[PDB]
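**Q** Sequence first, structure after; it's an experimental one.
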Amino acid sequence: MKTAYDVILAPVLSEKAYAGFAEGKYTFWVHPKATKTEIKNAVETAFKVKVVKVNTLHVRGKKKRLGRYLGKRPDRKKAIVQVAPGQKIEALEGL
Amino acid sequence: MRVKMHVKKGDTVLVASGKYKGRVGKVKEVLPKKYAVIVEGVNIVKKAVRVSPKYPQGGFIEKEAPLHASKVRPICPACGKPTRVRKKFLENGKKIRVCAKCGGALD
Amino acid sequence: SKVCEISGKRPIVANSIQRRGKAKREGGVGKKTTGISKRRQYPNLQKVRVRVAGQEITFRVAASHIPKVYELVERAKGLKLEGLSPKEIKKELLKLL
Amino acid sequence: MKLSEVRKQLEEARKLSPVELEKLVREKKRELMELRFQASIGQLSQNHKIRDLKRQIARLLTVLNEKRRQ
RNA sequence: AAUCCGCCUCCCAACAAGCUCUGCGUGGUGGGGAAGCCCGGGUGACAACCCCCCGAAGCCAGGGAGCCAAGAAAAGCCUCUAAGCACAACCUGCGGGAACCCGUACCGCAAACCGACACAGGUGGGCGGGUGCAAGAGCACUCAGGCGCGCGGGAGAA
RNA sequence: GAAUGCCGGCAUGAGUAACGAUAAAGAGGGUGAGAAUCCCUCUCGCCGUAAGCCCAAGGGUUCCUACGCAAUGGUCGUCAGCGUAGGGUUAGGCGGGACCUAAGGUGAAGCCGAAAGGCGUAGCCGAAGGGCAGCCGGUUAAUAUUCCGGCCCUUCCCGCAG
RNA sequence: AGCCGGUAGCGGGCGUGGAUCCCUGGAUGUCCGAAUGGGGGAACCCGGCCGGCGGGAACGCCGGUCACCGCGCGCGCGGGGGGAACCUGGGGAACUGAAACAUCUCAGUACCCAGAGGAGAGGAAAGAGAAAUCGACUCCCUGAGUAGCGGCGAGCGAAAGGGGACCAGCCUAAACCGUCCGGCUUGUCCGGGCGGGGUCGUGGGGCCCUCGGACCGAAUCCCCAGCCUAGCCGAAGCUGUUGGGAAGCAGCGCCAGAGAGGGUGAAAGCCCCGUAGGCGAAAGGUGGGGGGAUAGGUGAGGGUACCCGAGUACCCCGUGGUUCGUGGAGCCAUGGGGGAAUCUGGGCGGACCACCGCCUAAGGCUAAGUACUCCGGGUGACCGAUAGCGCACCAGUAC
Ligand SMILES: [Mg+2]
Ligand SMILES: [Mg+2]
Ligand SMILES: [Mg+2]
Ligand SMILES: [Mg+2]
Ligand SMILES: [Mg+2]
Ligand SMILES: [Mg+2]
Ligand SMILES: [Mg+2]
Ligand SMILES: [Mg+2]
Ligand SMILES: [Mg+2]
Ligand SMILES: [Mg+2]
Ligand SMILES: [Mg+2]
Ligand SMILES: [Mg+2]
Ligand SMILES: [Mg+2]
Ligand SMILES: [Mg+2]
Ligand SMILES: [Mg+2]
Ligand SMILES: [Mg+2]
Ligand SMILES: [Mg+2]
Ligand SMILES: [Mg+2]
Ligand SMILES: [Mg+2]
Ligand SMILES: [Mg+2]
Ligand SMILES: [Mg+2]
Ligand SMILES: [Mg+2]
Ligand SMILES: [Mg+2]
Ligand SMILES: [Mg+2]
Ligand SMILES: [Mg+2]
Ligand SMILES: [Mg+2]
Ligand SMILES: [Mg+2]
Ligand SMILES: [Mg+2]
Ligand SMILES: [Mg+2]
Ligand SMILES: [Mg+2]
Ligand SMILES: [Mg+2]
Ligand SMILES: [Mg+2]
Ligand SMILES: [Mg+2]
Ligand SMILES: [Mg+2]
Ligand SMILES: [Mg+2]
Ligand SMILES: [Mg+2]
Ligand SMILES: [Mg+2]
Ligand SMILES: [Mg+2]
Ligand SMILES: [Mg+2]
Ligand SMILES: [Mg+2]
Ligand SMILES: [Mg+2]
Ligand SMILES: [Mg+2]
Ligand SMILES: [Mg+2]
Ligand SMILES: [Mg+2]
Ligand SMILES: [Mg+2]
Ligand SMILES: [Mg+2]
Ligand SMILES: [Mg+2]
Ligand SMILES: [Mg+2]
Ligand SMILES: [Mg+2]
Ligand SMILES: [Mg+2]
Ligand SMILES: [Mg+2]
Ligand SMILES: [Mg+2]
Ligand SMILES: [Mg+2]
Ligand SMILES: [Mg+2]
Ligand SMILES: [Mg+2]
Ligand SMILES: [Mg+2]
Ligand SMILES: [Mg+2]
Ligand SMILES: [Mg+2]
Ligand SMILES: [Mg+2]
Ligand SMILES: [Mg+2]
Ligand SMILES: [Mg+2]
Ligand SMILES: [Mg+2]
Ligand SMILES: [Mg+2]
Ligand SMILES: [Mg+2]
Ligand SMILES: [Mg+2]
Ligand SMILES: [Mg+2]
Ligand SMILES: [Mg+2]
Ligand SMILES: [Mg+2]
Ligand SMILES: [Mg+2]
Ligand SMILES: [Mg+2]
Ligand SMILES: [Mg+2]
Ligand SMILES: [Mg+2]
Ligand SMILES: [Mg+2]
Ligand SMILES: [Mg+2]
Ligand SMILES: [Mg+2]
Ligand SMILES: [Mg+2]
Ligand SMILES: [Mg+2]
Ligand SMILES: [Mg+2]
Ligand SMILES: [Mg+2]
Ligand SMILES: [Mg+2]
Ligand SMILES: [Mg+2]
Ligand SMILES: [Mg+2]
Ligand SMILES: [Mg+2]
Ligand SMILES: [Mg+2]
Ligand SMILES: [Mg+2]
Ligand SMILES: [Mg+2]
Ligand SMILES: [Mg+2]
Ligand SMILES: [Mg+2]
Ligand SMILES: [Mg+2]
Ligand SMILES: [Mg+2]
Ligand SMILES: [Mg+2]
Ligand SMILES: [Mg+2]
Ligand SMILES: [Mg+2]
Ligand SMILES: [Mg+2]
Ligand SMILES: [Mg+2]
Ligand SMILES: [Mg+2]
Ligand SMILES: [Mg+2]
Ligand SMILES: [Mg+2]
Ligand SMILES: [Mg+2]
Ligand SMILES: [Mg+2]
Ligand SMILES: [Mg+2]
Ligand SMILES: [Mg+2]
Ligand SMILES: [Mg+2]
Ligand SMILES: [Mg+2]
Ligand SMILES: [Mg+2]
Ligand SMILES: [Mg+2]
Ligand SMILES: [Mg+2]
Ligand SMILES: [Mg+2]
Ligand SMILES: [Mg+2]
Ligand SMILES: [Mg+2]
Ligand SMILES: [Mg+2]
Ligand SMILES: [Mg+2]
Ligand SMILES: [Mg+2]
Ligand SMILES: [Mg+2]
Ligand SMILES: [Mg+2]
Ligand SMILES: [Mg+2]
Ligand SMILES: [Mg+2]
Ligand SMILES: [Mg+2]
Ligand SMILES: [Mg+2]
Ligand SMILES: [Mg+2]
Ligand SMILES: [Mg+2]
Ligand SMILES: [Mg+2]
Ligand SMILES: [Mg+2]
Ligand SMILES: [Mg+2]
Ligand SMILES: [Mg+2]
Ligand SMILES: [Mg+2]
Ligand SMILES: [Mg+2]
Ligand SMILES: [Mg+2]
Ligand SMILES: [Mg+2]
Ligand SMILES: [Mg+2]
Ligand SMILES: [Mg+2]
Ligand SMILES: [Mg+2]
Ligand SMILES: [Mg+2]
Ligand SMILES: [Mg+2]
Ligand SMILES: [Mg+2]
Ligand SMILES: [Mg+2]
Ligand SMILES: [Mg+2]
Ligand SMILES: [Mg+2]
Ligand SMILES: [Mg+2]
Ligand SMILES: [Mg+2]
Ligand SMILES: [Mg+2]
Ligand SMILES: [Mg+2]
Ligand SMILES: [Mg+2]
Ligand SMILES: [Mg+2]
Ligand SMILES: [Mg+2]
Ligand SMILES: [Mg+2]
Ligand SMILES: [Mg+2]
Ligand SMILES: [Mg+2]
Ligand SMILES: [Mg+2]
Ligand SMILES: [Mg+2]
Ligand SMILES: [Mg+2]
Ligand SMILES: [Mg+2]
Ligand SMILES: [Mg+2]
Ligand SMILES: [Mg+2]
Ligand SMILES: [Mg+2]
Ligand SMILES: [Mg+2]
Ligand SMILES: [Mg+2]
Ligand SMILES: [Mg+2]
Ligand SMILES: [Mg+2]
Ligand SMILES: [Mg+2]
Ligand SMILES: [Mg+2]
Ligand SMILES: [Mg+2]
Ligand SMILES: [Mg+2]
Ligand SMILES: [Mg+2]
Ligand SMILES: [Mg+2]
Ligand SMILES: [Mg+2]
Ligand SMILES: [Mg+2]
Ligand SMILES: [Mg+2]
Ligand SMILES: [Mg+2]
Ligand SMILES: [Mg+2]
Ligand SMILES: [Mg+2]
Ligand SMILES: [Mg+2]
Ligand SMILES: [Mg+2]
Ligand SMILES: [Mg+2]
Ligand SMILES: [Mg+2]
Ligand SMILES: [Mg+2]
Ligand SMILES: [Mg+2]
Ligand SMILES: [Mg+2]
Ligand SMILES: [Mg+2]
Ligand SMILES: [Mg+2]
Ligand SMILES: [Mg+2]
Ligand SMILES: [Mg+2]
Ligand SMILES: [Mg+2]
Ligand SMILES: [Mg+2]
Ligand SMILES: [Mg+2]
Ligand SMILES: [Mg+2]
Ligand SMILES: [Mg+2]
Ligand SMILES: [Mg+2]
Ligand SMILES: [Mg+2]
Ligand SMILES: [Mg+2]
Ligand SMILES: [Mg+2]
Ligand SMILES: [Mg+2]
Ligand SMILES: [Mg+2]
Ligand SMILES: [Mg+2]
Ligand SMILES: [Mg+2]
Ligand SMILES: [Mg+2]
Ligand SMILES: [Mg+2]
Ligand SMILES: [Zn+2]
C-alpha cells in the first residue's frame, strides 16, 4: 500500500542541498513517478510541516563500467520542498 | 538438489589419503560447493599477509587447507574405528547415520 | 467481382489455353498449345433490392441464386422483423439459409 | 529476523483486523524510512534491519490480503 | 431559433470626435556602475549617470499605395439565440484558496553534430561594434571576445 | 605447396612517406621522477558578417571538482572532450503537453478487394502556422526569465458585492 | 546442516523450535506489448463515471470500471495475440532440365496468406472394378518404375489386388405428430422456433391394419490403478612400499541381482558419487488402462405410394484434379447458360448404345494407427575450441 514513506526515499547529501536548510528548502530524493502535489502531501505527513512550494527535477543515472561490462545507475528524481515561514525539518537540520 | 555430504561439522574424521594420511581430527567446517572439509590441524599451509592493521608485523600465517571430502572418514564414537556410513530409520522415524562396522549412531 | 451472399460462390482461377492446329478427329496432325496463362472466372454477381418489414434490404448475389433471395423473403413472413435495422433484417434473412 | 519471531509475527498479525494491519504496515513503512535515512548518513551498522523490516511489511501485507481475500 | 449577421429604407455622424487596443516616453520603486591601483575578489564611488547628432531591415501594424500570378484552416475571443434554467447561470469588481506532467547540465559552423579519424568537406535561425575606402553584411586595420590550428630543432642542394 | 583459396600469425618496402591548412612564435617564473608541449607573467602574431555571442537540430554526461597517465591524443604530457570517484540540470509566466487546426495520416457511416488488404464526407491525430500569462538584477565550482530580490501578470475553485 | 545467487570483501544477520535449497499450490506482480477508456514517436501522455486520501472545491494520488467485432436474451458467453518444426486450406514463381526454346520440366516446390492443434487432414461408399469379388479412413511394405502419360522429347508416373499398423462408428434433413409464436389473403392457411418421429442399399423410413413386448451400451460424466512434476535406501580393504600424492607395486582379505560410468594428488569392484535391486506424494497435472453411471440403441407380415438433402443432378460452354498434355476422355470438382425427378428415383463400371452388375449425390461429426521436435531424457566405430550450433566464454552480443 502507498504511504508517504514510499514517496520520500532518502535525503540529498551534498553541499548544495545543505545550503538550502537556512531558508527552509529541504531536498529529498523521491520516487521518480511522484508528483509535486503528492510530495507536498508526503512531506507534510512525514515531517509534520506545511509545504508551500515544491521544485522537482529528474536526475539521469550515470553510465558506469566494471571491466568488460557497461551499465547504468538508476534514474532518480529529486525534490526541493519549501516549508512555511519559521517551520523546520529537524531530521534534516541534522546534518 | 543438495550436495551429498557423508561427513559434517564437527564429527571426528580420519584423514585417509594424501600427505596427512592417518591423522585424526575434528571437522572445523564443511564447504559443500567445493565438496571439501576443513579438518583441524590437517593440511596446514603458510600464507603471506601484507603489513596491515589486521596483521601489523606482516609476514606469514598458518591456514588450514580444505580437503576433498572423499579423503575423510568418520570415526565411530561407539567402537572407535573409521567407518563408512549407513542410514538407519528410527521409530520417529527420523533417519540417522550409523557406523557400518558396529551399529552405533554417529549423530 | 466477389462473393455471393447466398451461395458463397467466389472468384476461381482458371487457365486460358491457346491452341493452334487441326484436331485429330478431323484428320489433322493434332492440336498444339501455344500458351497457358492464369485468369479468373467471376460469379455473375448482381444487386437485388427488396422491401422486407418496411425496410430496403439489398443482396449481392450470383444470378443463379437470384430466386433464392425471394424465397428468403417468403420464409421471412414468420418472423418478428418490424423495427429492426436493415443490417439486422439481413442477418435474420441470411440465418434462414 | 529469528524464525520463532516470524511465526510469532504471523500469529499476532493473523489475529489483527484489516484496519489494524493497515495502521501497523504504515508504521513499519515509516520505520523503514527512518532506517533508510540512517543508512545514507553512515549511521546504521545493523543493516540487516532493512532487509527484515521490508519482509515484515511484506508478511503483513500478505496477511492483510489473506483477510480481504474472501 | 435569433434582438445577432445579411439585405432594403429613413434619421444623425463622417480625411473629426468617441470608444477601444498596442508601441514608445515618463513614471513610485529596484538595480548596475569604468579605467587604473591593490590580492574571480577589493578599491575607484555618496561614482557620474546629462546635452547634441546619426538612425534601422525592428516597433506602432491588422498602416499606406500600386500590381497580377489574386495570396491556409481551426480554436481562443465577441455576438446571437435553442433545449434548458431563471433561489440557476453568466458578466464586472474585490477577497481567499488552487495551479499537474516532460525538457533545462554541456558541445552546438564544431575535437562533443553528418563525414570509419580530435578529418582544410557538409550543417537552419538571431546578434554581429569602430574608422576609412561613394555605398555595403565588400575590403584593410581593429573592439569585446576568441585563437597561433597536439611534433619539434636545424640546414639554406637538386 | 600452389585454387589473385580461407583464418591467424609474422615479415618486406623502412627507420623510409607522413605526423592533416605557411595565423608564428620568444622568454622568465611555477609544478613534477620526467616538461618545446601543463599553470602563471610579459612580449609577438591570427580571426573579428568571426575563427566572437545567442537559439534550433543532432549528440548524450562530453559539464564542475578531486585523485590519476596503461591505453586513447598523429610528438610529449605533469594536461585533456581519456581512467576512477563525488557533485551538478530547480519554472503557473521559457519550450512542449492537459488548446487549435495545415498537408498528410488515421478513420463511425459507407464502398471495394481470393486472403493479406485498398479506399472513405464526419470525427480524431498531426506544427517550426494560430492561440496563450515575466521583465531587470543578484547568487553557484557547476542551474537560473527556473533559486533569490524587486516590481508585474494568467487560469481554475470558492465566496462577497454590483 | 548449513546458509544470506555468480561473489570474495566491508558491515551486519539466520539455522535441529529444522534455515539455505528442491517440488506443488497460492499471494504480490510498475510500465509496454493482442493491448482493449482515449491519444501515441512501444514502455509516455491525457480523460469519464463510482469509491478513498489531503485542509481539499480547484490540484494530485490510491482502488474499481470504461475498446471493437461475433453469438445468444443493457446483460451474459466467446473472439483478438503467440508458438521451432509438423498440418489443412486460399494464392503461387523462377533459375534450372529439355545440351537453344515456347508446350513440357523444375512444381503445386520456394514463398505470401488464412486456419487449426497437440497433431492436422481424411473417414463410415451415389467407393472400387470383374472377382459370380471386396467392404470407412489413415499410415508403412509390396504391387511398380508396372499401367499408362509424354514437343511419344527431356521426362512424368498411378490404382486395384496382396502383406502389415490401428480399428468404430454415429448425429441429422424430409414424411408424420404435438406445441409456442408471427402474418393477413382467417384456416383443413402460410411461415419461424422447440419437442417427438427418422436415418437407410438385403433399399430405408412415414402413415393405416395384424401379430409379437429384457439385453446392449458410449467418443459424455464420476471414482480408481498407473504415469509426470521433488526425492530415498543401496554390498564389500586394511597394511607395507616408492612417491608431493597410490588408486601403481607387494602381502593378506572381502562384495557382487552392484566389475555401467564419473571423481578422489597418479592407474580404486570394496574411499566418494553412483551402479544392480528396491522404495516414495499432502499438492497440481495426466489417466488411451480398471470400475461405475448416464445419453443413446433393439420386432414381423400386410396395405398405402406420403418422405428420402435443388438452382442440385443432368446437358452444353470455360477450366482444374487424376498417369491422362484434347486424346476414343470417361470419372471427381466447378466459373457461365439451361435445368429435373423421389426408388417405376438416381449416380457409376473410360466416348456411345444394349445387356449384366455396383452404389445411393446434393447436411454434419468421429478415437486409434500418421507427421513434427521449441521442450526433458537416453545412446553414439559423432566433434573436440579453424572442430562441433553463429555462440563451450555475458552472442544473436561487439561491430
Ligand atoms: Mg502494491
Ligand atoms: Mg555551494
Ligand atoms: Mg496524496
Ligand atoms: Mg521542471
Ligand atoms: Mg545498477
Ligand atoms: Mg540425503
Ligand atoms: Mg598410516
Ligand atoms: Mg523429516
Ligand atoms: Mg479462354
Ligand atoms: Mg481429335
Ligand atoms: Mg480416322
Ligand atoms: Mg498436344
Ligand atoms: Mg436487380
Ligand atoms: Mg449456374
Ligand atoms: Mg439460371
Ligand atoms: Mg431561420
Ligand atoms: Mg512604456
Ligand atoms: Mg506607461
Ligand atoms: Mg563595481
Ligand atoms: Mg578592476
Ligand atoms: Mg563604498
Ligand atoms: Mg573613499
Ligand atoms: Mg495593408
Ligand atoms: Mg479545414
Ligand atoms: Mg474542433
Ligand atoms: Mg422550454
Ligand atoms: Mg452582462
Ligand atoms: Mg485574485
Ligand atoms: Mg492530469
Ligand atoms: Mg519534470
Ligand atoms: Mg536536446
Ligand atoms: Mg538551464
Ligand atoms: Mg545552458
Ligand atoms: Mg569545443
Ligand atoms: Mg557556447
Ligand atoms: Mg563553414
Ligand atoms: Mg549559424
Ligand atoms: Mg563555437
Ligand atoms: Mg566528428
Ligand atoms: Mg570521432
Ligand atoms: Mg588537431
Ligand atoms: Mg572539421
Ligand atoms: Mg550555410
Ligand atoms: Mg562609414
Ligand atoms: Mg574601397
Ligand atoms: Mg566602397
Ligand atoms: Mg563596417
Ligand atoms: Mg571580410
Ligand atoms: Mg586580446
Ligand atoms: Mg602553428
Ligand atoms: Mg640541408
Ligand atoms: Mg600441387
Ligand atoms: Mg598476390
Ligand atoms: Mg594476395
Ligand atoms: Mg589466401
Ligand atoms: Mg595455403
Ligand atoms: Mg585469406
Ligand atoms: Mg593473410
Ligand atoms: Mg615491418
Ligand atoms: Mg634517415
Ligand atoms: Mg625508399
Ligand atoms: Mg627521403
Ligand atoms: Mg618514401
Ligand atoms: Mg596522411
Ligand atoms: Mg619528411
Ligand atoms: Mg597540425
Ligand atoms: Mg603543420
Ligand atoms: Mg599560402
Ligand atoms: Mg616555458
Ligand atoms: Mg623554466
Ligand atoms: Mg612538456
Ligand atoms: Mg615531460
Ligand atoms: Mg603548438
Ligand atoms: Mg598556460
Ligand atoms: Mg583578414
Ligand atoms: Mg567589423
Ligand atoms: Mg555520438
Ligand atoms: Mg564517460
Ligand atoms: Mg555547466
Ligand atoms: Mg566529466
Ligand atoms: Mg572538463
Ligand atoms: Mg588535476
Ligand atoms: Mg596516457
Ligand atoms: Mg604517456
Ligand atoms: Mg608513459
Ligand atoms: Mg590504473
Ligand atoms: Mg595515443
Ligand atoms: Mg602519446
Ligand atoms: Mg590524429
Ligand atoms: Mg603527476
Ligand atoms: Mg582530450
Ligand atoms: Mg573525466
Ligand atoms: Mg517563477
Ligand atoms: Mg486538468
Ligand atoms: Mg492535442
Ligand atoms: Mg483537433
Ligand atoms: Mg486507410
Ligand atoms: Mg481524409
Ligand atoms: Mg480535441
Ligand atoms: Mg504550436
Ligand atoms: Mg507558436
Ligand atoms: Mg502552454
Ligand atoms: Mg508559454
Ligand atoms: Mg513583465
Ligand atoms: Mg554554464
Ligand atoms: Mg549551478
Ligand atoms: Mg521570482
Ligand atoms: Mg449574487
Ligand atoms: Mg552478493
Ligand atoms: Mg566482517
Ligand atoms: Mg561475514
Ligand atoms: Mg517438515
Ligand atoms: Mg511458485
Ligand atoms: Mg508505482
Ligand atoms: Mg499492460
Ligand atoms: Mg490504451
Ligand atoms: Mg488504440
Ligand atoms: Mg481510470
Ligand atoms: Mg472523486
Ligand atoms: Mg497540507
Ligand atoms: Mg477531495
Ligand atoms: Mg485511478
Ligand atoms: Mg485469428
Ligand atoms: Mg491461435
Ligand atoms: Mg494448396
Ligand atoms: Mg479463404
Ligand atoms: Mg492453388
Ligand atoms: Mg506471379
Ligand atoms: Mg521456364
Ligand atoms: Mg537447378
Ligand atoms: Mg538432366
Ligand atoms: Mg535449357
Ligand atoms: Mg543446356
Ligand atoms: Mg539463350
Ligand atoms: Mg525453360
Ligand atoms: Mg532440377
Ligand atoms: Mg506440375
Ligand atoms: Mg500452398
Ligand atoms: Mg519449406
Ligand atoms: Mg494463428
Ligand atoms: Mg498422437
Ligand atoms: Mg484427430
Ligand atoms: Mg478432426
Ligand atoms: Mg451415411
Ligand atoms: Mg512385378
Ligand atoms: Mg507433376
Ligand atoms: Mg481409374
Ligand atoms: Mg490398398
Ligand atoms: Mg490392405
Ligand atoms: Mg506400431
Ligand atoms: Mg412450419
Ligand atoms: Mg405449423
Ligand atoms: Mg412448427
Ligand atoms: Mg418400403
Ligand atoms: Mg457419441
Ligand atoms: Mg547411497
Ligand atoms: Mg558404497
Ligand atoms: Mg613416503
Ligand atoms: Mg594404500
Ligand atoms: Mg593388490
Ligand atoms: Mg552391468
Ligand atoms: Mg569402471
Ligand atoms: Mg571409474
Ligand atoms: Mg589398473
Ligand atoms: Mg586407463
Ligand atoms: Mg573408481
Ligand atoms: Mg531401477
Ligand atoms: Mg534406482
Ligand atoms: Mg413394417
Ligand atoms: Mg412419393
Ligand atoms: Mg440421399
Ligand atoms: Mg439446402
Ligand atoms: Mg466440364
Ligand atoms: Mg491437367
Ligand atoms: Mg492420345
Ligand atoms: Mg480425362
Ligand atoms: Mg457450374
Ligand atoms: Mg433404378
Ligand atoms: Mg431413372
Ligand atoms: Mg455423377
Ligand atoms: Mg456423368
Ligand atoms: Mg457410363
Ligand atoms: Mg462403378
Ligand atoms: Mg459402385
Ligand atoms: Mg471433418
Ligand atoms: Mg480409441
Ligand atoms: Mg491420426
Ligand atoms: Mg517422435
Ligand atoms: Mg535433446
Ligand atoms: Mg574425446
Ligand atoms: Mg579457440
Ligand atoms: Mg566455433
Ligand atoms: Mg588448441
Ligand atoms: Mg548453445
Ligand atoms: Mg564460428
Ligand atoms: Mg566463438
Ligand atoms: Mg559479447
Ligand atoms: Zn562403530
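**A** Done, it's in. Numbering: from 1, shown residues only, chains lettered A, B, ... in the order given. Ligands and ions are numbered 1, 2, ... in the order given.

**Q** buried ones in the helix of greatest length in chain D?
**A** As assigned by DSSP state H, the longest helix anywhere in chain D is helix D:18-40. Within helix D:18-40, the residues that qualify as buried are D:21-22, D:24-26, D:28-29, D:32-33, D:35-39, counting by 16 or more other C-beta atoms under 10 Å in any protein chain shown. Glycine gets a C-beta too; all of them are placed from N, C-alpha and C.

**Q** and which of those is nearest to residue B:53?
**A** residue D:39 (24.7 Å; C-beta to C-beta).

**Q** and the residue nearest the centre of chain C, how far is that from RNA strand E?
**A** Residue closest to the average C-alpha location in chain C (C-alpha atoms, centre = their mean): residue C:62, at 2.3 Å. Plainly put, residue C:62 is 47 Å away from RNA strand E if you go by C-beta to the nearest atom of the strand, to the nearest Å.

**Q** ranges for the strands of chain B?
**A** B:12-15, B:24-31, B:36-39, B:44-48, B:60-64, B:67-68, B:72-74, B:85-89, B:95-99 (DSSP state E).

**Q** residues of stretch A:9-21 that come out buried?
**A** For stretch A:9-21, by 16+ other C-beta under 10 Å, it's A:9-12, A:17-18, A:20-21.

**Q** from those, which single one is nearest residue A:81?
**A** Distances from residue A:81 to the buried residues of stretch A:9-21, taken by C-beta to C-beta, are shortest for residue A:20, at 9.7 Å.

**Q** How many residues are close by the closest residue to that closest one other than its chain neighbours?
**A** In space, residue A:20 comes closest to residue A:27 once its chain neighbours are excluded; the distance is 5.9 Å by C-beta to C-beta, 6 or more residues apart in numbering or on different chains. Using other C-beta atoms under 10 Å in any protein chain shown, residue A:27 has 21 other residues around it.

**Q** just residue B:30 next, same as before
**A** Neighbours of residue B:30 (other C-beta under 10 Å): 19.

**Q** need the residues of chain D near chain A, please.
**A** Chain D comes close to chain A at residues D:22, D:25-26, D:29-30, D:32-33, D:36-37, D:40-41, D:61, as judged by C-beta under 8 Å from any C-beta of the partner chain.
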